[PDB]
Each structure stands twice: as structure tokens, then as C-alpha cells.
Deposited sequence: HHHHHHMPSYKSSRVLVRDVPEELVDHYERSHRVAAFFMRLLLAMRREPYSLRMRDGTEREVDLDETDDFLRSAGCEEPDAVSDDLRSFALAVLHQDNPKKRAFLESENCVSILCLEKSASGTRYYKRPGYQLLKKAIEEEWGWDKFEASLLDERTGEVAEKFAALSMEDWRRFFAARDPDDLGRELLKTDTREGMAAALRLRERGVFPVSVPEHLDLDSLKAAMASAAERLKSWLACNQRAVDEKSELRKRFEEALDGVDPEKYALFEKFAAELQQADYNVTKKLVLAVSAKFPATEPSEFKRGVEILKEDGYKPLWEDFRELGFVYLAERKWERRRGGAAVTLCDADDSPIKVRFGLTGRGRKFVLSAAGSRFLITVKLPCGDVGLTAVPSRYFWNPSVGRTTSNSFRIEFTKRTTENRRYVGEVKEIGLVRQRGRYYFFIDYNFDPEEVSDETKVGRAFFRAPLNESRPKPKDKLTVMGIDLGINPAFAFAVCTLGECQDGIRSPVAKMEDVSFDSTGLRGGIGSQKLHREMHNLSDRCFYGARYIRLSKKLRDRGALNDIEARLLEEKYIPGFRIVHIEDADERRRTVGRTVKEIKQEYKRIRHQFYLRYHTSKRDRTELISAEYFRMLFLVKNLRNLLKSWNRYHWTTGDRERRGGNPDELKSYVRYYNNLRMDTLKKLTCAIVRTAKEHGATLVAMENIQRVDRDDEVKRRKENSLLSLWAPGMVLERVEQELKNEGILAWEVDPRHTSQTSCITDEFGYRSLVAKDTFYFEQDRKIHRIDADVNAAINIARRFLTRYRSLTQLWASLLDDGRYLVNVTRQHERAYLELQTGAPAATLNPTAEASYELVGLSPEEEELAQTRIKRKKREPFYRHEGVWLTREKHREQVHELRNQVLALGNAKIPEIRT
């Protein structure tokens, strides 16, 4: 089934027995060795229970007379490893009054009426018992009234606080068979044959980043009015009507301050390492002394003192200033939700990632300064500090999780608003990137799971040359390095520019809808006589060679203008397509550099910008 969980708090033996159950399953048994094999089989199974009682060793003495139910419940809990209360453990009666729950555990001694602290997850809940041994909860996590079914409850104790896990089933939104057939059609290579969707679906091309948290483009099959036209496999062209950029920088000053402080904390650790070398060794190597003066001093924004005694004092003053600036930045980041800026605060912004990078850099700087004392041979000790920078780590993990949840919610919202039912995302599996903050697959897994729960199917497209190829001419352009938000291409021999993220979003959507009709790069090797044999590993390359040459293999034969061509063969060096001539690696880079030189002389003022 599909499950969702949240906790409620109840304020005013089951563990004594849960711990006993865990230990018993792992480890009255007067001669445990003599019955070791059976015990092991039963514990591993958690029919065995029936066999154990026949042996006459299965009855035991529970820490606290749990009679039955509670007993079996805790047993199953330890197994799975939550003192559970089932309705088919001791039965419970979950009701709701006002804005809070009321759990009534039916213990053998009597009824235990427990009121729960009003949660903002199960806000304003309504509970009605069903005929299927369940409770139908209706709550508010807008005023969307989420619905769930509760059949089992669990009790735990954290820091002397008792918590109830309301693990409830829910029904994901209905997904049409047209969406499934359309995904099957569009995901398949051109070699295979799949039925057409035969419906007017909606496709959302998505590019993921950190500064533009994500950008999207929307297309509707069989509906082309105005926008960047894209071919569709075996159908008519479609126009990307809604193209947008979500996320982004909230306030420029805050982003700049986080970047500056992250750089300062990045260089501080290396500066104190070099100062520790200077205080101990007394001299530096040629590279380090050049590195310290040229890079570390202007980076840490410190004044280099020759005296080693007051060098530590200057370093401590600098670290105090760094911490004061960090506290100011954190307070300004907190105030986005507690001023008149409540309305203009975005769901997700570029500061959610800059703050994480700053937290990591400051953690490193503080961990380095705290160990400024150590000298030759101190190293690390089994003990020392058992909770060093615990608050920092807690904040980093909590902010990471919250950023992931808010990004997933933003993506899902944007997909639902635009009516999309198919979402082509970029396969980020294939610093200043989403990686080094999360696992490459974790973000994708979360996003597709939430989209599926909302009834939207998602597919990962190969993200190769999407940010370097124009979405109109389907040719290589210039991605500006001074400003990474402008992508320069040529059209009718006139240089145009576009947003470099909606460009990649449209390229992702185009690759999805055209079923990878065109490839911008081919891997080949030189056999002899200037003939570059094409290396075919992916099925997409096999389909591409069939459509252009006519055979599942081909070679690059040279021409006069340092270019190549596809021929085809009857039965490892990159090559970039360019204008149908398959320029080699060096010539492709030369062409890109020529484009960059041409666009730098022209000036962006005379370069028109297309709709975005």
C-alpha cells in the first residue's frame, strides 16, 4: 500500500517489554545452547511459534504482565526493527475533538483515554469509524483536506516524551492510461514501435540548478499557437506556451553576503593551517609562501603579522568577526518570515543552497580554529569533544531536508498548476551544483515519487549538450561564462540570445518528445585511411544511424574542409555534429571560440533577446 506518517505528542512497561522482545529475538531459557538451533530459526522467522510451544520453551516471563495483545504487538515491533495497537495489539479508538486527537487504548486493566497535543499536520481533523476496521481521518496539512485511513498506531519514547505514530494509508491520485501509453511511446527509441498516445497530453520539461533552483517549459500535444516550436515524434509540432524560471535569488544583498562569508570561511582554514606551519616549522616552501600572500591573505581579509604570539590574537579577532557576520546573516535569513516580507518570500530561493554552503564552510573553519592548539603529534584522541559543532550539524541537516521538501513541493505545484501529466526531467546523475549537497539520485527519487503521488508520470532524459545547444536551430551556440544566464546562438546569420535555463528546459522537452531524433555527439575511433568507425553502445545511437545512413553502423570519412560525414556500413574520440559535417573535438572548440569572439565584439545590446 501507500503510507504516510506523522507524530502526535501525549503529555500526561511497554518499552521494558519492547527492549526485552528485541533482545529475546536477537539473543526462562535455562539451557539456551541445548535449544539454540530452534531458537535461531524462530528468531530469524520473526508456524515457528507453534513449534516452539510444542517444545515447551516458548512461554516466557514478560518484564511487565502484558497479558496478550500488547505483547504480540511489541513482539512484531521488535521483529520489524513501536509498541503497536491493532484493530484486529490492544484495540484503540482514535477520535478527534476541536483540533486534536484522542487515542483510547483498550488495556486489559481498563480504558486509557489519552488526549494528544494539537498537531499542525493533522490540523482540524475529523475521524469516523468505517466498516473495514479502520478510521477515516480528514485533516489539513490552501485548505486542502487530506484523507487517510488509520489501522495501526505506534508508541515510542524519546527523551522521556511519549509519541504516537499515526501511520495512515492514502489513495494516490488517479493516473489515466493515456498518460501511461504516452510515456511508453515517448520514452522508447525510434528503433522500437509503440502505440501513439491518441490524446492531448501535457509535457513539462524541467532543468534543475541551484541559482535558478529549477526552470520549466510547457507543451501541449496537437496544439501549436506561438512560442519555440518543437517537432513531436510522428505528430505535429507543438509550441511551448508557458516558459518560466522558479526559485532564483530572493534578495541580492543577502546572496552576496552569504557568498562572501563562504569564501572567507573557505580561505580561513587554509590560512590557519599555514600560520600553524609558520609558528612551528618557522619557514614556508616556495609555493606555499606565494600561495599565502597572493591568495590566502586577500581571501581571509586578514593582516599578516610576523610575530606568532599575536598572530593567534588577530586570527581570533577575525574569527569573532566572522561569527558575528554569520549570526547577522542567519538572523536576516530568519526574518524573511517575520516582517512585512512575509508576502514576498518565495517557496524556494537560491539562498537555501548558499546558506548550506556557508554552513559547511563555517563548520570547517570553526573545526580548524578549535584545533589551532594542537602541535606535532597530538592527532585525534578516542575521547576529546564528543559533541563538537553538534548544533551546526543539526542545522545543516535540517536545512538540507527542508530545502529538499520545499523544492519538491515547488516542482509538484508547478506541474499541477499547468495541467501537466508528463514531466521530462534532466538526469542529473550523468561547489555550485546540486551535487555535493545531495546524492544525485535522491532528489530525482523524491521528485518522481511525489509526482506519482499526485498522478504525474516523470521520465529522466539524457542531459548531454542541453545547455550548449540552441533549442531553435538545434545547433551549438555560446553559453556565456561571465553571465551564466545568457545563451548566445545564431539564426539567419544574426546573433540572438536566450535564457540559458529555459533553453535547457526546452531542450530536455524536445529530446523527450522527438525520442532523441538528433544526436549532437558521436563517439568514434580511427581504424585506418582516415576512416573513423562509429562506436555504437547506446540504442539511441543505433536508431540514429538507421535514420540517417540506413545501416546500424557508419564511418566518418574526411572531406576538404577538415570535416567528416556519415556513410553507413553494409553487413574513442568525440565528434560534434555542427552543421551536418561532424566536426572533430578541436574544430568544434575552435568554432565555439570563434562564436564567442564574434559575440563579444558585437555586444549584447545589438543582440536581440527572444521570448522567455
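The deposited sequence has C-alpha coordinates everywhere except the stretches 1-7, 20-29, 45-74, 94-196, 232-353, 361-362, 416-418, 708-718, 860-873.
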